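# Residue-level structure breakdown
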Amino acid sequence: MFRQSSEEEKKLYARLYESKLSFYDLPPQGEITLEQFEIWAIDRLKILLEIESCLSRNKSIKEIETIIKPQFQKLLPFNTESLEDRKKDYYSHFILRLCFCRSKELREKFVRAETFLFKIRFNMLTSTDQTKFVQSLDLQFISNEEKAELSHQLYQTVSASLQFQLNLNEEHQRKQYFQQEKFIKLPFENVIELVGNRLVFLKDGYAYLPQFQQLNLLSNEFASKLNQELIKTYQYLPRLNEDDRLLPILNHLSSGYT
Amino acid sequence: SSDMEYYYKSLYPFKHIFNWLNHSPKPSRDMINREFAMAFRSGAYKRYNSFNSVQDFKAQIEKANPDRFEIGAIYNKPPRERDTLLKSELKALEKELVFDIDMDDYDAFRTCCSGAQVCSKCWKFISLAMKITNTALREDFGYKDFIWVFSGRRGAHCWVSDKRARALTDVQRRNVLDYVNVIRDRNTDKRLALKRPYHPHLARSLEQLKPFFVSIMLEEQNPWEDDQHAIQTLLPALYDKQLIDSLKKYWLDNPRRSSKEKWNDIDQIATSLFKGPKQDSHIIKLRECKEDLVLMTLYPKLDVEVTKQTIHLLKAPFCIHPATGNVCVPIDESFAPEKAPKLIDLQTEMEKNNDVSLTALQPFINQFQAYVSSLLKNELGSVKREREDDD
């Protein structure tokens with residue numbers, strides 16, 4: 001049969017937003033303006049302020065998504081090929097690190113709001129994008145034999161969840177889905193919020209988690225790594241103090257949370 | 001006061017308790033930084049004590065001579081040095097995961113005794129609660145290094161000392177507690193909130209409690225022989241209003257039928273009412289109500305205040321209960337409160353023999369020594385596995 005046969009910064013941000021979301025993993029390079037610094041930080045700050053306001057009003061995920069999604073096209077676009085939007089998103093996150101690393105209360109508020117925004121944007125993805133994003137983060141499934149041995153317990157655990165979360169009211173549909181579903185085994189301490197609600201099966205100190213759940217692990221890893229990075233950011237704030245032109249902006253940004 | 005002085009000087013097992021709390025024969029931060037609190041007959045209570053060694057521990061408890069002392073968390077720095085620290089600088093690192101069960105929580109269905117009084121008839125509540133809890137701790141959470149302790153009058157305390165259990169945060173402790181807390185509302189005027197089909201924990205607990213429901217609830221305690229108590233506790237757990245009204249009317253016309261008789265009346269009247277194509281569904285719903293009643297009556301009941309915080313302080317093992325005089329001994333599922341030693345009896349036995357090993361306290365000391373030996377062996381094995389994994 002027949003057969004034939006700075007740019008680096010732009011490539012970096014294309015790579016960082018191929019997954020459409022990022023853990024915000026890497027040091028930015030090159031330059032932007034100080035006006036851009038202020039405006040981009042304020043835009044992300046407005047979205048996070050509304051997220052915290054809605055959470056203080058005890059609104060649900062669906063309501064917050066209805067409130068916040070129209071704001072992306074104006075303040076902080078998502079699911080976009082534009083280099084400007086990608087740089088705006090990335091840089092605004094990094095700026096608010098330096099604003100909100102300053103104290104435990106600021107770190108907690110910023111981690112909460114940013115993790116909830118992460119959850120919102122992850123919900124906006126297609127399942128293929130979610131899979132690719134999770135795989136890009138280098139993030140144990142059980143064997144078919146172990147699934148067969150624990151099938152009664154796992155099905156008893158997830159059958160209600162399949163009906164209420166995936167709308168599978170028919171038991172036949174639940175059985176077919178369960179036959180196609182994969183399960184993850186990890187220590188129970190890693191998914192303790194699901195343990196307290198008895199949403200996972202426990203055996204010998206390990207929790208058995210279906211593949212259609214477990215986004216709380218992803219968002220908790222995002223929150224934990226962001227908290228550690230903020231602690232690091234706090235430790236080298238004395239180097240930020242070398243440019244005076246940034247400190248009034250950061251003081252202004254933090255004043256809306258104090 | 002003199003009896004307590006004699007007790008600490010002659011009877012309390014300081015060496016075994018030190019090995020348990022220190023997790024090592026040689027001293028460590030697990031004892032040096034562990035908070036202890038002492039309660040006194042004057043009404044005084046002193047927090048933030050900690051001890052450098054078994055000799056220091058024994059000497060300070062003997063010198064203070066409290067009515068009891070209580071065990072708290074392991075800290076980042078010695079609690080006895082808190083005067084050198086700001087309040088924000090002294091922080092907890094570990095504490096044994098502890099569960100607390102009280103007999104008074106079963107007075108919704110207990111009859112032979114009420115309040116802080118106890119007997120072997122009702123302690124079957126605590127024995128089954130211990131059995132279900134032990135099954136959960138071993139099969140679900142994989143724990144092995146735990147022991148039960150009699151509270152001295154009316155309850156039982158489980159002290160879990162596995163390294164992964166000791167390291168749980170407050171959030172993790174609250175969620176573990178929620179996992180094992182099934183009867184989250186004690187009020188009797190509703191059916192349980194549990195979803196169906198059962199989570200495997202609930203199903204296994206029900207199958208473990210089913211053989212004992214007749215003998216304990218319907219026959220031994222028999223709380224529903226009183227018609228008003230049945231109308232107030234048994235009927236609200238049922239799913240249907242016509243069934244409830246029919247049972248209420250029938251029992252008001254035919255009073256003082258026993259709990260077993262009422263339990264059968266539920267089935268008979270439901271069979272009489274729910275004929276036709278929907279009969280299978282009604283039988284299933286009735287069976288669900290009875291299963292939920294078994295869990296409502298016999299499942300473990302827990303004090304959330306003991307488990308929900310790492311920094312909490314609780315009466316230590318082998319303490320003396322101030323009212324009853326009982327020793328707060330270690331126990332197992334076959335225990336009853338009538339088997340506990342008392343301070344006066346142990347003083348008498350020591351006056352006669354002058355040897356602790358010949359007193360009634362020594363079997364309990366043997367249980368605790370075996371537990372400590374197993375705990376230390378598992379700790380050393382865990383350190384070896386961690387070192388091999390690091391290598």
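Please refer to the structure higher up on the page.
## Regarding the overall build of chain A
Summing up its helical and strand segments, chain A has 13 helices and three strands in all. Structurally, chain A occupies a C-alpha span of about 65 × 65 × 35 Å along its principal axes.

## A look at the overall build of chain B
In terms of regular secondary structure, chain B is built from 15 helices and nine strands. Within the span of chain B, comprising 391 residues, buried residues form 53% of the whole. When contacts within chain B are restricted to residue pairs at least 6 apart in sequence, long-range pairs at least 24 apart make up 68% of them. Summed over all atoms, the accessible surface of chain B reaches about 18,300 Å², with 47% contributed by carbon and sulfur. Within chain B, one finds 60 positive and 57 negative side-chain charges whose respective centroids are separated by 2 Å.

## Quick notes on the layout of surface pockets
In this structure, the second largest pocket encloses a volume near 820 Å³. A:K104, A:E108, A:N227, B:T169 and B:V171 are, among the 16 residues lining the second largest pocket, the residues nearest its centre. When contributions to the lining of the second largest pocket are tallied by element, the ones reaching two or more residues are α5 (104–124) and α11 (215–235) of chain A together with α7 (170–180) of chain B. For the lining of the second largest pocket, the element with the highest residue contribution is α5(A), accounting for seven residues. When grouped by side-chain class, the residues that make up the lining of the second largest pocket number three nonpolar, six polar and seven charged.

## A word on a negative patch on the surface
Where like charges cluster on the molecular surface, the negative patch consists of B:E388, B:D389, B:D390 and B:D391. Among the structural elements, B:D389 can be located in helix α15 (residues 362–390).

## Overview of unusual backbone geometry
Cis geometry is found at the peptide bond from B:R196 to B:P197, where omega equals 0°. Position of B:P197 relative to the elements: it lies in the loop between α7 and α8 (200–221). Not every positive phi belongs to a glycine, and A:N167 is a case in point at roughly 60°. If you trace the backbone, A:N167 turns up in the loop between α8 (151–165) and α9 (171–180). Its identity is not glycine, yet B:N65 carries a phi of approximately 55°, on the positive side. Note that B:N65 resides in the loop between α4 (54–64) and β3 (68–75).

## Focus: the packing of aromatic side chains
This structure, assessed with the given rule, holds 48 aromatic pairs over all chains. Summarising the aromatic geometry, the rings of A:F23 and A:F222 are spaced 5.4 Å apart at their centres and angled 90° between planes, so their arrangement reads as edge-to-face. Each member of the pair, A:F23 as well as A:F222, carries the same accessibility label: buried. Judged by centre distance (5.0 Å) and plane angle (50°), the ring pair of B:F150 and B:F335 falls under tilted.

About the criteria used
- Residues numbered from 1 in each chain as written, not as in the entry; some residues may be left out.
- Chains lettered and ligands numbered in written order.
- Part of a larger assembly, values for the part shown.
- Heavy atoms only, no water.
- Residues with missing side-chain atoms left out of burial classes, pairs and counts.
- Helix = DSSP H or I, 4+ residues; strand = E, 2+ residues; numbered from the N terminus.
- Buried < 20%, exposed > 50% of the residue type's maximum accessible area, 1.4 Å probe, protein only.
- Contact = heavy atoms within 4.5 Å.
- Areas by Shrake-Rupley, 256 points an atom, 1.4 Å probe, with all protein chains shown as cover.
- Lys, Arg positive; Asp, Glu negative; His and termini not counted.
- Charge placed at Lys NZ, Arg CZ, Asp CG, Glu CD.
- 1 Å grid on protein atoms, 1.4 Å probe; cavity = no way out; pocket = protein on both sides within 12 Å on 5 of 7 lines; lining within 4 Å.
- Points joined across faces, edges and corners; volume = space filled by probe spheres on them.
- Nonpolar A, V, L, I, M, F, W, Y, C, P; charged D, E, K, R; others polar.
- Patch = residues over 30% accessible without salt bridge, like charges linked within 9 Å, V, L, I, M, F, W, Y side chains within 5 Å.
- Salt bridge = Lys/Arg side-chain N within 4 Å of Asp/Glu carboxyl O.
- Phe/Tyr/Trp six-rings, centres within 6.5 Å; stacked < 30°, edge-to-face > 60°.

Note that all results are geometric; they support no functional claim without further evidence.
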